[PDB]
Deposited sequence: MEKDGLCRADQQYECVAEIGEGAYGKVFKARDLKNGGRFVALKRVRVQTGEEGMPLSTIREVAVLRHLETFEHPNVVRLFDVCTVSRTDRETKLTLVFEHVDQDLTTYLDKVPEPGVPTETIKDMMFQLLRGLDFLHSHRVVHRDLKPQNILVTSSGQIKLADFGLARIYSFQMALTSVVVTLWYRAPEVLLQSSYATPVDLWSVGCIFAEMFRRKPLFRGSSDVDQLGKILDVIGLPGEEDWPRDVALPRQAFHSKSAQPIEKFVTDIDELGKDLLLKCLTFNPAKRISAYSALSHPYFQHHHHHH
């Protein structure tokens, strides 16, 4: 066979992913994923996205006839990069650059009508040369990066990923997740303890959870939780971690933010 499986990547409720030797292409490493039996549509969206070969999205090499997906392989995810970084942590300009690359791939995906929906450091790939690549999106548990509207079961638009990006931004400074909740209700609580209770006008209509189920008074200063963050990074982090997804910054606006002057 064209590929020899060597290891399992992780273990996800999306199916098994293998690290494999690409016997025909110089024995390079590839990430192999099998699909079972709108799905045809998703694969076409993925192949179409690959035509652009955006630098900040994982390369798709092949699609084999039930259906097997061949991607490039990258050694580390953001998790293992933040776990191995020497003290006191990640250089200020390394965080800036990585965040710019994250928003570049995100704006590319959003402008092509793709919502990641499950952005976390575990699916952000960090290349040998320091390139950030978005992976594991566009195909049909940790709530630590889950947006408030997903938690509330109301909307699932592109702002969902900007909340996730804000959580990752903070975690790049802290090297620990900003909101380590254990359930959707807990997660939403841990969030409102930091950002404060939103205006009744910012609370989604016809959701199970009312605003009155929480009493997380005022917004605590974010510098308490994210120590070492500059004033400009604080503006971008607040704009990402905005309650109302309509009021949330977009990936396109974030790319222009003074933080990246």
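Q: Please give the gaps, as residue ranges numbered from 1 in the deposited sequence, where no C-alpha is present.
A: Sequence ranges with no C-alpha atoms are 1-10, 48-56, 85-92, 168-180, 302-307.
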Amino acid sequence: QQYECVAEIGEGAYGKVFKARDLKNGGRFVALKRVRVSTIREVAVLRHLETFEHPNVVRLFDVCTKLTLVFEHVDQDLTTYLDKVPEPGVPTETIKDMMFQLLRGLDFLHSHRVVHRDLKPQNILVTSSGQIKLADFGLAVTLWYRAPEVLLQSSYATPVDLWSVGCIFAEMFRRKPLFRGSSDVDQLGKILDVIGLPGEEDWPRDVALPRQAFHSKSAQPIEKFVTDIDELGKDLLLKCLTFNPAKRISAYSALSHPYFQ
From here on, numbers count along this sequence of modelled residues.
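We call the rigid core whatever largest set of C-alpha positions still superposes within 1.5 Å between the two forms.
Q: Any chance you could tell me whether 71-79 or 96-104 drifts more in 9 other deposited structures of this protein, judged by RMS CA distance from this form after superposing on the core?
A: Farther on average in 9 other deposited structures of this protein: 71-79.
Q: Once the rigid core is lined up, would you tell me whether 222-230 or 25-33 has the higher RMS CA deviation in 9 other deposited structures of this protein?
A: Of 222-230 and 25-33, the stretch deviating more in 9 other deposited structures of this protein is 25-33.
Q: Determine if residue 217 is unmodelled in a third or more of the other PDB entries compared for this protein.
A: Across the other compared entries, residue 217 is absent from at least a third.
Q: Can you let me know which of the two, 5-13 or 21-29, has the higher average C-alpha B-factor in the entry?
A: Stretch with the higher mean C-alpha B-factor: 5-13.
Q: Between 99-107 and 83-91, point out the one with the higher average CA B-factor as the PDB entry records it.
A: Of 83-91 and 99-107, the stretch with the higher C-alpha B-factor average is 83-91.
Q: Going by the entry, which of 70, 58, 208, 44 has the most elevated CA B factor?
A: Of 70, 58, 208, 44, 208 has the highest C-alpha B-factor.
Q: Take the CA temperature factors straight from the PDB entry and tell me which of 152, 157, 114, 140 peaks.
A: Of the candidates given, the C-alpha B-factor peaks at 140.
Q: If you rank the chain by CA B-factor, which third does residue 52 end up in: lowest, middle or highest?
A: Its C-alpha B-factor belongs to the lowest third of this chain's values.
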